[PDB]
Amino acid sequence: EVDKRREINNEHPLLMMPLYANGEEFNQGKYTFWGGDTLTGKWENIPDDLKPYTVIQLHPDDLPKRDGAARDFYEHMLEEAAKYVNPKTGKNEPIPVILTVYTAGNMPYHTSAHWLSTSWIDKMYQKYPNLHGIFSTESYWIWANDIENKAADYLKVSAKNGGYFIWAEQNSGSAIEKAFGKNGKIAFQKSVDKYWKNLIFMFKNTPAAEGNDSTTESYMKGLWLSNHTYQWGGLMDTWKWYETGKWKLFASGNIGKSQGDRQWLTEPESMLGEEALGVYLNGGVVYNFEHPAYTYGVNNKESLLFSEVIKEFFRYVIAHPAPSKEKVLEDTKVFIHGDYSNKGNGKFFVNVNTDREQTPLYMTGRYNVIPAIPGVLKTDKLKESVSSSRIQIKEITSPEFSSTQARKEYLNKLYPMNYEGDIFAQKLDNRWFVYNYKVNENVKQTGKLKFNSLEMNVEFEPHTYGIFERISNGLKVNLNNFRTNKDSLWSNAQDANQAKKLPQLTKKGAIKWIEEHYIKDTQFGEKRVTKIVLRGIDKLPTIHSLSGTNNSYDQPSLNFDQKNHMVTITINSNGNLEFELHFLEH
């Protein structure tokens, strides 16, 4: 093995920072990115605490579809990255880069990435120590005849150089199963047997109408636990709102795939944190987002989604490393071997732990994410682990998985019920993680959680997650319900028919909207109420270390009922929030 260029694991997570080449300006002799970020300016802006965990991911977007264009753009940017000087110290501090080398099946009618040979990639790794890896993303809809062969070559050239091959893909059309050899294309399967320590496999939740969120995430987790990938994660994509035909928040009717640029702006900001929790709580460590103009920002400025949700979430997962592989193995009671594509795809988990066919969220944490690997793979390495002895490894074709009711009856024997209420909750050590799982329905949810004898009842509106940590002197609370008002995008449409018919916002129009109405002059959402009730408290708790999104919260209300030894906490906010409550139990 060649020394790794960087670590990627629970203690060293990875946030990918995408930059999409502006092919129109490339044709004019300029080297620029859609949305106006510059490589140097963006890197400088990244908070210093996050720099060790963040990597710039270049994407060739609409560079001309001809030989040399992607090499030219990429070599220019690698040079800029390599020559970077820290303005505060004067030291050359090369910027870490990941290159997108494969997308859309690398068809020459789809992408300039077609004209990037393995030879060139090898040359770039050798020339640039700051090239930390290469990325393949989104070919499930165009599964090229040689995709497994090419993926084997990407993994091998990365291993040769100590870099990572990162593949973000969704199990549409059995893509993950095929990647590992379902249909007899076994080159990548063989590559992984040798080079899995240089592989990162991520879900890509874009094709949301096909409902493969839960099954793809199950595979990513299972691949990791069984030593078929070094680590896993997810690319969470606000374009899901387009794929599923949604429009104005909470509005009725479906507009189909008709208003792309309005649609990818509409997903609530905090819902990206809800999605990202599925990665974190299950031991994933790599995070990436789309659409980047919304999720990260424009013109070297952080969007509010980035500053108030993603930045804070990512800081959290650095401060509190995700459960290790060993820990997740120890906690795993059931591990599925087999193909979800033959058991209803995402339907497998509907009314088990997801509430509908098309959602990136879960409705219960009772089973967390049940890990699986495709039927083509073997569980030998999993069984060889010292931490896997109490795992039931079950074929997906087992009678236990034959129906929705069979799945719950089996899983319920092994995963005890550990909270009450119709809301998502999952416990990790002394922490309850809670969110309202509604996607586009304006419905409050409630749950009853316990920390031993201490009872905590919560009431959450949609697009609200919380982390509640029992600490020696009381409770640490992190709450995020940040959701701005996107109704302006849907002005002039009083129903779905009218909304489908709106003028296109367009790509350039959306970037302009972000500049003019999101980066500044933001239409913030209304403050909304969260209730937390604690039962079993000695005296009125005290509040400490209260902070959050500027101007986004009223002072929390503490109402102590001495007779019933209980406190009702009322919060009215829209943003991120954190505080400690100090108290003793009764």
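Residue positions are given as counts along the sequence shown, with the first one as 1.
- Per the PDB record, of the two stretches 61 to 69 and 39 to 47, 39 to 47 carries the greater mean B-factor over its C-alpha atoms.
- For the pair 14 to 22 and 559 to 567, the record assigns the higher mean C-alpha temperature factor to 559 to 567.
- Residue-level inspection of the entry shows that, of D237, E243, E326, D153, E326 has the top Cα B-factor.
- Across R262, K257, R356, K413, the entry's maximum B-factor at the CA atom is seen for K413.
- Sort the chain's modelled residues by C-alpha temperature factor and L281 lands in the lowest third, per the entry.
- In this PDB entry, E210 carries a Cα temperature factor that places it within the lowest third of its chain's modelled residues.
- The PDB entry assigns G184 a C-alpha temperature factor belonging to the highest third of its chain's modelled residues.
- When all modelled residues of the chain are sorted by CA temperature factor, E177 is found within the lowest third.
- Among the modelled residues of the chain, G162 sits in the middle third by CA temperature factor in this PDB entry.
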